[PDB]
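Reading through the structure tokens given below for one structure.
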Amino acid sequence: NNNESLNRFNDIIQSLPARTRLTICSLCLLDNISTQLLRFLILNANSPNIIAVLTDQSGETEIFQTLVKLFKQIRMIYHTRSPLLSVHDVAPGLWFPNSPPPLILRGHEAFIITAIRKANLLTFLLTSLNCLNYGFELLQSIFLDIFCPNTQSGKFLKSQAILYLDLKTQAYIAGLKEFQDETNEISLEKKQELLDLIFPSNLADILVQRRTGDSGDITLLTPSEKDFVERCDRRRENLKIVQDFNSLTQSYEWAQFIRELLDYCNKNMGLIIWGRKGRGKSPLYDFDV
């Protein structure tokens, strides 16, 4: 079906329980508000943006805050225990994660997955901008799910490896900045805790096991993953020997990180939302006839 409105579900709507009618029909709300806000974020990525994007009380800021508030309210429709939406939150009792889609949703799979992937990308981005209640530590745990979509069957390549390493490094800076005093001296015990969580020694095992299960070992580590692990080990070691917290934030500048993250999402939006770039078609702007 090519109907983008809730009418696309008219053939099945009465076969569903009332609350699943709500979560299914409200996918149009979730796709619209997510597209509006992703558009806005990309459109305003190169500007005084660290100022403009903020949940705390500019005309663009009033628009941003209106969009963010709408996103949170529409997203709340789905009663999720996890920050990331899944197909089971949309069709509970019908579509189970890592299972074939139910027959009754045939012809709606791409529409449903597109909508939740836009929303999940937004949860990530808005958490980065500290516009949601989640801490920075949540970002690292959802990164691969969002930026390596299992079209796990999504390949972790050099572009994701670069973004991931910057993200892990910002999570260390954010973890320190939380417990940093006016002095520039870095707490050594908090330093070692963050490094062990963010740059673990079994990272290669983690990367492989996430794709293959408990039976895979570093034999199946891909070349891109291998390079990422080595740069992570080296990043951890160099971070051990930095004591000046302010020089850390100068080395890995926040406004520069956010800019590169937004520019990444713009250039890779097709891969994130659809799984493959394909042509230079944007999921945010459909121009097909």
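List of remarks:
- Residue exposure sequence - 259, 211, 234 - by fewest surrounding Cβ within 10 Å: 234, 259, 211
- For 188, 121, order by how many other beta-carbon atoms lie within 10 Å, fewest first: 188, 121
- Amide H contacts under 5 Å for residue 282: none, restricted to partners 5 or more places along the chain or on a different chain, H placed in the peptide plane at 1.01 Å from N.
- Per-residue Cβ neighbour counts within 10 Å put 131, 25 in the sequence 25, 131, beginning with the fewest.
- Note on the range 138-289: dipole from Cβ charges, positive end direction compared against 238, 160, 175; the farthest Cα belongs to 160.
- Residues of the range 142-184 with amide N under 12 Å of a point placed 7 Å along Cα→Cβ from residue 215: none
- For the range 12-159, the average shadow cast by the Cα convex hull is 10.1 nm², which is a quarter of the hull's surface.
- As computed over the range 138-289, the Cα convex hull volume per residue (Å³): 122 Å³
- Expected 222 nm ellipticity per residue - DSSP helices of 4 or more, -39500 (n - 2.57), all of the chain, to 500: -18000 deg cm²/dmol
- All C-alpha pair distances within the range 108-184, sorted into 5 Å bins from zero, spread as 3, 13, 20, 23, 17, 11, 6, 3, 2, 1, 0, 0 percent across the bins.
- Remark: for residue pairs 155/191; 118/168; 118/191; 69/158; 118/158; 72/168, the C-alpha separation exceeds 28 Å in 155/191; 118/191; 69/158.
- Peptides ranked, highest mean first, by Cβ atoms within 10 Å: ranges 278-284, 122-128: 122-128, 278-284
- Size of charge dipole - the chain - debye, nearest 20, with Cβ of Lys, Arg +1 and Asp, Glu -1, no other charges: 1020 debye
- Think of the range 17-134 as a dipole: +1 on every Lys or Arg Cβ, -1 on every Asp or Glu Cβ, centred on the Cα centre; then among 48, 93, 59, 93 lies furthest on the positive end.
- P(r) for the range 213-262, from all Cα pairs and a bin width of 10 Å, is 19, 31, 31, 17, 1 %, short bins first.
- Euclidean distance between Cα centres, the range 174-234 to the range 27-99, Å: 29 Å
- About the Cα centre, charge dipole magnitude for the range 17-134 (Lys/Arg +1, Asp/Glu -1 at Cβ), debye: 340 debye
- In this Cβ point-charge picture (+1 for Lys and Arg, -1 for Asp and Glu), the range 138-289 has a dipole of about 780 debye about its Cα centre.
- Measuring spread by the Cα atoms of the chain yields a radius of gyration and Dmax of 20.4, 65 Å.
No Cβ is skipped: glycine too gets one built from the backbone with ideal geometry, and neighbour counts run over all protein chains shown. Every number here is computed from the coordinates shown, using simple stated rules; none is lab data.
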